[PDB]
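Next comes just one chain, in structure tokens: the form deposited in one PDB entry.
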């Protein structure tokens, strides 16, 4: 519950800022921006292609994306690279949904991403020290 709310907060705020323009949580958002933005840049062409293959017709259509994320981890491997890649693809998708409909919300998207992440990887996240661990892994000097 604690980890859910904290994750929802961070992911939601990132997707909101991405769809528009706006402790660890501050650090986590600052890290999510740097890494997530880079992911989206390096892989823009690929991301657009994937967006073409999937559907997502509106704000509420997330079931498609959920299956994609669940399939990402189905090989039994977990790491921060994968978690942040999926969030960044979520941000990319949030941008797309806002373009087609300027008064759609990211809130359902962010909850679906959070849901998968937290429900499927709760103990791993806890062992990795949650968002503090996220910040430390991507830390640069």
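Heads up, when I say rigid core I mean the largest set of C-alphas that superpose within 1.5 Å between the two forms. Residue numbers count along the first chain shown, from 1.
Chemist: What does the record say about the segment between residue 22 and residue 23: how many deposited residues are without coordinates (none, 1 to 3, 4 to 9, 10 or more)?
Modeler: Per the deposited record, the segment joining residue 22 and residue 23 lacks coordinates for 10 or more residues.
Chemist: Of 74-82 and 47-55, which one has the bigger average CA B-factor?
Modeler: Averaging CA B-factors over each stretch, the winner is 47-55.
Chemist: Do the C-alpha atoms of 117-125 or of 11-19 have the higher average B factor in the entry?
Modeler: Stretch with the greater average CA B-factor: 11-19.
Chemist: When the deposited Cα B-factors of this chain's modelled residues are ordered and cut into thirds, is residue 88 in the lowest, the middle or the highest one?
Modeler: It belongs to the lowest third of the chain when residues are ordered by C-alpha B-factor.
Chemist: Can you work out whether the C-alpha temperature factor of residue 64 puts it in the lowest, middle or highest third of the chain?
Modeler: Within its chain, residue 64 is a highest-third residue by C-alpha B-factor, going by the deposited values.
Chemist: When the modelled residues of the chain are sorted by Cα temperature factor, does residue 94 land in the lowest, middle or highest third?
Modeler: Lowest third of the chain for residue 94's C-alpha B-factor.
Chemist: Can you tell me which third, lowest, middle or highest, the CA B-factor of residue 40 falls into for its chain?
Modeler: CA B-factor rank for residue 40: middle third.
Another form, the form deposited in another entry, is not on view; read the next lines as being about it.
Chemist: Which residue in 116, 39, 86, 62 stands out, with a C-alpha shift of 2 Å or more between the shown form and the other one when both forms are set on the rigid core?
Modeler: Once the cores are aligned, the residue moving by 2 Å or more is 62.
Chemist: Under a superposition restricted to the rigid core, does residue 51 display a Cα displacement of 2 angstroms or more between the shown form and the other one?
Modeler: The answer is no; the displacement is under 2 Å.
Chemist: With both forms fit on the core, is the shift of the CA atom of residue 74 between the shown form and the other one 2 Å or larger?
Modeler: After core superposition, the displacement of the residue 74 C-alpha between the shown form and the other one reaches the 2 Å mark, so yes.
Chemist: Answer yes if the Cα of residue 101 shifts by 2 angstroms or more between the shown form and the other one on a rigid-core superposition, and no otherwise.
Modeler: Residue 101: C-alpha displaced by less than 2 Å between the shown form and the other one.
Chemist: Since the Cα separation of residue 108 and residue 74 moves by 3 Å or more in that other deposited form, tell me which way: closer or farther than here.
Modeler: It is closer: the C-alpha separation of residue 108 and residue 74 falls by at least 3 Å in that other deposited form.
Chemist: Pin down for me whether the residue 114-residue 60 Cα distance shrinks or grows in that other deposited form relative to this form (closer or farther, change of 3 Å or more).
Modeler: Residues separate in that other deposited form, at least 3 Å farther apart.
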